[PDB]
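Here the structure is laid out as structure tokens; the discussion comes afterwards.
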Amino acid sequence: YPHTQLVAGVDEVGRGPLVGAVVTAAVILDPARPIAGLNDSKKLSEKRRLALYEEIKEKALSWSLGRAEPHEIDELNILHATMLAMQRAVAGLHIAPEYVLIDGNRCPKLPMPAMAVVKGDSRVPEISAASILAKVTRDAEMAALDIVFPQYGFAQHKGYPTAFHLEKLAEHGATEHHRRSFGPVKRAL
Amino acid sequence: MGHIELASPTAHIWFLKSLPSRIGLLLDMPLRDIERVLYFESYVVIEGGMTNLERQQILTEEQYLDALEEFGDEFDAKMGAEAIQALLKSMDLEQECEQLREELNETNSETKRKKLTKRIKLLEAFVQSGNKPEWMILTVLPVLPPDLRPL
RNA sequence: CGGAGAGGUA
DNA sequence: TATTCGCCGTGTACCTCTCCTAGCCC
DNA sequence: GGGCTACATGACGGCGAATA
């Protein structure tokens, strides 16, 4: 760790999906209220992951969510839309972090110092907590969109380009939420 | 031809020691550990969900002891070919592929990429192939015609 | 009518 | 990257001789 | 009358996935 007390961890979800925002979270954990069993959100069962949501949100000093909508992804591309999302997440923290740890190998432009941590979700509790918040939020939005657009099955594939999603995209065309810059969506349009 | 009904499933040695082990690199588990759960000298959590135990972990006789101390209701843990077959059955194919696909461009490591792409090519060839992962675990044994094995 | 071991001819 | 340890395989066609899985009781 | 148990090492090379 850096020699600072207010460290934020940041992670993203929804890089590869053809539909919906890229979603990020930022989390400052409370050293006095440790959260047990933080680990890569993918390795966690859905029940455990959602369980963390009632612990993370309760026990963190500060957390926030930052999103980049399909139109911003289409304008900025997926890399810069992820950086924008991340910024917002960090910018939404009630408590300003002294230092920011970002999953992966690049940092967004931030007003405070930041470091990129490769596989930070598996190594840094704050990035793990951000991974969980981002993933749970994103997965709930795909379930909400599935209610409105049941023919695509967004609840099952979470907007990823599965064979089923590509078939339904060819059959029904692209929705407004469907990222219009992605290759499969361009073809369907 | 004929067949023999087997009470317990049996792992196929060809797919076990193909060098590289197809099952071993499909489950993303080392050969030493995968060859230590089929012989009942260890243990493994079969898609169990507890505070500590996650989907895949090779517990030893002593680790299982303090595992089964207080809890032991939801998270299960089988041992051998049955557990391996259930793991192969209860793993997604299209979802896993997508995830791996993405982690291919972001990842900057060289060796990792090679190991990642070598995994994803097998996953794709399987997905266009008309085979199922659980068929690699033998359950019914055919027998050779008697004339081809004369007395 | 199958499989091993020993020796020999190009 | 170089070192270790795994298995991969290592020509072909003929001729002669001898020698091969057994085990439980009212 | 019935069912019933299954000891080796002198190996020359190279490649490749496993580690050091």
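Ideal geometry is used to build each Cβ from the backbone, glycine not excepted, and the neighbour counts take in all protein chains shown. Bear in mind these aren't lab numbers, they're just calculated from the coordinates by the rules spelled out.
Each Cα pair under 8 Å and six or more residues apart adds its sequence gap; the mean of these over the residue count of chain B is a relative contact order of 35 percent.
When each of the peptides A:122-129, B:11-18 is scored by how many other beta carbons lie within 10 Å of its residues on average, the order from highest to lowest is A:122-129, B:11-18.
Label zone of residue A:3 (point 7 Å out along Cα→Cβ, amide N under 18 Å): in region A:89-115 this covers A:98-100, A:113-115.
A straight line joining the Cα centroids of region B:1-50 and region A:141-189 runs 37 Å. Compute the angle between helix A:125-148 and the longest alpha-carbon principal axis of chain A, please, reported from 0 to 90 degrees and rounded to the nearest 10. Approximately 30 degrees, to the nearest ten. Note on region A:7-188: with charges restricted to the Cβ of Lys and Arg (+1) and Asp and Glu (-1), its dipole about the Cα centre is near 340 debye.
The reciprocal of the average 1/r between distinct C-alpha atoms defines the Kirkwood hydrodynamic radius, which for chain A equals 16.9 Å. Taking a Cβ cut-off of under 10 Å around residue A:43, the surrounding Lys, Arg, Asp and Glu residues balance to a net charge of +1, with basic ones at +1 and acidic ones at -1. Membrane-span-like helices in chain B (whole DSSP H runs, Cα extent of at least 18 Å along the helix axis, mean Kyte-Doolittle hydropathy of at least -1.0): B:110-128.
Report note on the peptides B:58-66, A:101-109: ranked by the mean count of other C-beta atoms within 10 Å, highest first, their order is A:101-109, B:58-66.
Residue order for B:135, A:63, fewest other beta carbons within 10 angstrom first, comes to B:135, A:63.
Rounded to the nearest 20, the Cβ-based charge dipole of the protein assembly as shown about its Cα centre (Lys and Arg +1, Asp and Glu -1) stands at 1280 debye. Listed by chain and number, the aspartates and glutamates placed with their C-alpha closer than 18 angstrom to that of residue B:89 are B:28, B:47, B:54, B:76, B:124, B:134; residues fewer than eight positions away on the same chain are left out. The distance between label points at residue B:121 and residue B:32 comes to 2.7 nm (points 7 Å beyond Cα on the Cα→Cβ vector).
Working value for the protein assembly as shown: equivalent-ellipsoid semi-axes of 40, 27, 18 Å, each the square root of 5 times a Cα gyration tensor eigenvalue, largest first. Look at the dipole of chain B built from charges on Cβ: of B:1, B:53, B:116, the Cα furthest out on the positive end belongs to B:1. Sorted ascending by nearby beta carbons within 10 Å, beginning with the fewest, A:187, A:67 become A:187, A:67. Remark: for residue pairs B:17/B:115; A:47/A:158; A:158/B:114; A:42/A:135, the C-alpha separation exceeds 20 Å in A:158/B:114. Taking every alpha-carbon pair under 8 Å whose residues sit at least 6 apart, chain A reaches a relative contact order of 30 percent. Here the dipole of region A:67-133 is about 200 debye; that uses its Cα centre as origin and unit charges on the Cβ of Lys and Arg (positive) and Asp and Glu (negative).
Look at the stretch A:157-163: the mean tally of other chain Cβ atoms within 10 Å of its residues' Cβ atoms is 4. The angle between the Cα long axis of helix A:46-59 and the longest principal axis of the Cα atoms of chain A comes to about 40 degrees, rounded to the nearest 10. Against chain A, whose longest principal axis is taken from its Cα atoms, helix A:163-172 shows a tilt of about 50°. Of all DSSP bridge pairs formed entirely within the protein assembly as shown, close to 70 percent run antiparallel.
Among A:139, B:92, B:76, the ranking by other beta carbons within 10 Å of each residue's beta carbon, starting with the fewest, stands as B:92, B:76, A:139. If you take all other residues with their beta carbon under 14 Å from the beta carbon of residue A:147, and give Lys and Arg +1 and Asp and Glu -1, the sum is -3.
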